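Next up: a single chain in structure tokens, the form deposited in one PDB entry.
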């Protein structure tokens, strides 16, 4: 009773797997973030009555997010931090590891719970990303590929889009992406601030 649910990772990355700069993003795409929100927030209407998704993130990402947008509304927030001092993420769940976060959720949101969990997302940190990619329940990646080798100092842990991983990670069709997400999603290349990018969904068998 601590694994009956697969994990989905969401991230925006450059063609050289760059995902961050000085504890922040070296780019600024309001539409991209709008996509992030939709994806992590969406829950089938019928289930939306008492079900919510979960966003798991590292402490650094939690701090790197503006207060005005924290905590992520309409979603259950859980911050991963290995030395459990104190947080502050208003009733915001705290966990010292990925599995510790899962167990806390399954115990905090069980059958007697008026609030049920729908989907569990991993959204923050290159460090957390490393743990997720090694986790046996991580089978899906919502990736936003940025076609620009922007200078970054932090990188994604595994080259899922490269040949060496082509037998494990596969890129789904757009139709299947919109289907999993729940609604229609912009197809093709998008140009926001001199940058070209597009949405892709990748999966691997567990």
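Residue numbers count along the first chain shown, from 1. Rigid core here is just the name for the largest C-alpha set that superposes within 1.5 Å across the two forms.
With 82 to 90 and 130 to 138 compared on mean CA B-factor from the PDB entry, the stretch scoring higher is 82 to 90.
The stretch 191 to 199 shows the higher mean C-alpha B-factor when 191 to 199 is compared against 8 to 16 in the entry. Per the deposited record, 111 carries the highest C-alpha B-factor of all listed residues (97, 118, 77, 111). The deposited CA B-factor of residue 149 belongs to the middle third of values across its chain. Ranked by Cα temperature factor within the chain, residue 51 sits in the highest third according to the deposited record. Residue 162: CA B factor lies in the lowest third for its chain, per the PDB record. When the CA B factors of the chain's modelled residues are split into thirds, the value for residue 64 lands in the highest one.
In the deposited entry, the Cα temperature factor of residue 177 sits in the middle third of values across the chain's modelled residues.
Another form, the form deposited in another entry, is not on view; read the next lines as being about it.
For the residue set 166, 34, 48, 179, core-aligned C-alpha shifts between the shown form and the other one reach 2 angstroms or more at a single site, 48. Annotation: Cα of residue 22 displaced by at least 2 Å between the shown form and the other one, core superposition. The gap between the Cα atoms of residue 49 and residue 112 is smaller in the other form, by no less than 3 Å, than in this form.
Shown here is a form in which the CA atoms of residue 48 and residue 112 lie at least 3 Å farther apart than they do in the other form.
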